[PDB]
Amino acid sequence: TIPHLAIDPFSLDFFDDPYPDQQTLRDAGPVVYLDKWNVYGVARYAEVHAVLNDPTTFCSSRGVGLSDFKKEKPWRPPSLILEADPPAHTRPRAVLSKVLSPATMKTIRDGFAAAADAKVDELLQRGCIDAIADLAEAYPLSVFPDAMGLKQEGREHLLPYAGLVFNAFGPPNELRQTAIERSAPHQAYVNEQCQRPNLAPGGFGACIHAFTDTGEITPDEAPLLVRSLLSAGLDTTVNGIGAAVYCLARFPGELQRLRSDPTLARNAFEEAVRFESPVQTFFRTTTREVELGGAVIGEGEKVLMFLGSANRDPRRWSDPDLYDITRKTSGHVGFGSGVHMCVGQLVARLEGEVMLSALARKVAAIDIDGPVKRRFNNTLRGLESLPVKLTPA
Ligand code: HEM
Ligand SMILES: CCCc1ccc(C(=O)O)cc1
Ligand SMILES: [Cl-]
């Protein structure tokens, strides 16, 4: 009844060009079995959305990577938010929501926007730049660690730590094993920065610790919640901004529409998140036998959700393989959906908006002018290098 496929969605060949295999996964059925890893897979929008929105049946507390925390030890102590189910999820989630709240964005927007404009001005002086290292990485590094309240020393551990976190959701392949082998210094740095005295006044980290007297979280929960922001808050935006720049570089007609109306910057970024889906996949674990799209999945089974495939499913999207900055993007699953839907999405969208606004106002053309190199990660999709020439407006 359920088709068995040999596709390895964590293989380098798959990462290099996932789109044919994602269509095969969608078209084989609403639910597939991936023999390579002994997991169920859902690649159509409808089933991905359904799984995300039933957290009781498709839980997160047994891990959102391949590993089942009921069977194996987690590689690090479980996240109090990502790897928790309601009701244990609810209070930590509320704290992060308030720390990253609509009102908090007002305090940081002016500085984030000035840093974006300054970065684009700097890049225009160079002309030919690497849109990854010099923009997608450099811009978030220039705003997010400071917004966290981190000291300067040791920030070089942040991107390695995030790459480790995202590789560790994958199966025990070479990418994951190698990341864990190299992890000790990055974990040591990150864990130390999560302690209250190491987080500067007014930043996200200090604000998390300040919530420890309201009854929502205790003091001993705050370090792990700071850890959540140091895990999820940087490399995601690197790949989101990188996706948006790569889209504008490949689709100059959309750059031209963005230049003509810079207020499209927020939706241009949202459409880049749908189009590239920098966060490609997450797992859930069934807590009971369940019927999903005509298939019967037993208890304690891992279900792999293809967020990027859901975001390209023609059953849901018109012209899904086109980058369209005026598309009605609401409902895409690039930030998830439901109770775990990205708690940092206002930060991510703020960064993406102000960078695309700076490009829309200052840049006339973005031309790829060197070899494009892809970066391979078990969960993140994005580029290692994107050589571009920026022409000033
Ligand atoms: C373009 C950038 C980003 C993308 C595409 C993205 C994507 C996602 C997705 C798909 C989830 C759902 C995970 C699940 O359902 O298991 C998620 C959750 C989460 N994200 Fe984001 N994210 C981004 C940026 C950020 C930022 C900037 C922060 C923090 C400052 C952040 C913090 C979190 C946290 C803490 C969670 C867990 C929420 C929960 O479990 O309730 N993310 N993100
Ligand atoms: C796309 C972001 C995924 C993510 C979310 C939360 C955490 C954490 O709570 O440590 C780590 C990774
Ligand atoms: Cl850790």
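For ligands, and for the atoms within them, numbers begin at 1 and follow the listed sequence. When reading the values below, keep in mind they use all heavy atoms of this one structure, side chains included, and skip hydrogens, waters and symmetry mates. For this chain, numbers begin at 1 and follow the sequence in order.
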Mind telling me whether [Y] and [X] have parallel, tilted or perpendicular rings, with 30° and 60° as the class edges?
X    : Y    : result
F275 : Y323 : perpendicular
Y45  : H49  : parallel
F169 : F282 : perpendicular
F204 : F144 : tilted

So is there a nitrogen or oxygen of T237 less than 3.5 Å from a nitrogen or oxygen in ligand 1?
no
Give yes if a backbone or side-chain nitrogen or oxygen of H340 is under 3.5 Å from a nitrogen or oxygen of ligand 1, and no if not.
yes
How far is [atom] from its nearest protein heavy atom, and which residue and atom name does that atom have?
atom                    : result
atom 37 (C) of ligand 1 : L82 CD1, 4.1 Å
atom 14 (C) of ligand 1 : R284 NH2, 3.4 Å
atom 10 (O) of ligand 2 : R76 NH2, 2.9 Å
atom 7 (C) of ligand 2  : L82 CD2, 3.8 Å
atom 4 (C) of ligand 2  : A232 CB, 3.6 Å

Please check if any side-chain donor atom of [X] sits under 3.5 Å from a side-chain acceptor atom of [Y], or the reverse.
X    : Y    : answer
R257 : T326 : yes
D13  : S11  : no
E174 : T178 : no
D27  : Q23  : yes
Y139 : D134 : no
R361 : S357 : yes
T329 : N267 : yes
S60  : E83  : no

Hey, is [X] touching ligand 2 through its side chain, its backbone, both or neither, going by heavy atoms under 4.0 Å?
X    : value
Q280 : neither
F335 : neither
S228 : both

Show which atoms of ligand 1 fall inside a sub-4.0 Å distance from at least one heavy-atom site of [X].
X    : value
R93  : 38 (C), 39 (C), 41 (O)
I81  : 38 (C), 39 (C), 40 (O), 41 (O)
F282 : 13 (C)
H89  : 39 (C), 40 (O), 41 (O)

Out of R349, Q345, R327, which residue meets the side-chain hydrogen bond (donor to acceptor under 3.5 Å, both in side chains) rule with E270?
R349
To the nearest 0.5 Å, what is the distance between CZ (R26) and CZ (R44)?
9.5 Å
Please could you name the atoms of ligand 2 that [X] approaches to less than 4.0 Å, counting only its heavy atoms?
X    : result
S231 : 10 (O), 11 (C)
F282 : 3 (C)
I81  : 9 (O)
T236 : 1 (C), 2 (C)

Per the salt bridge (charged side-chain N to carboxylate O under 4.0 Å, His left out) rule, which among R375, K119, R155 passes with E137?
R375
Under 3.5 Å between any N/O of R227 and any N/O of ligand 2: does that happen in this structure?
no
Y246 six-ring centre to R250 NZ/CZ under 6.0 Å and within 45° of normal:
yes
Examine ligand 1 and decide if any of its atoms is less than 4.0 Å from a heavy atom belonging to [X].
X    : answer
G334 : yes
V339 : yes
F144 : yes

Using 2.8 Å as the cut-off, note every protein N, O or S atom close to atom 21 (Fe) of ligand 1.
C342 SG
Smallest heavy-atom separation, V279 atom then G334 atom, equals CB-O, 4.5 Å
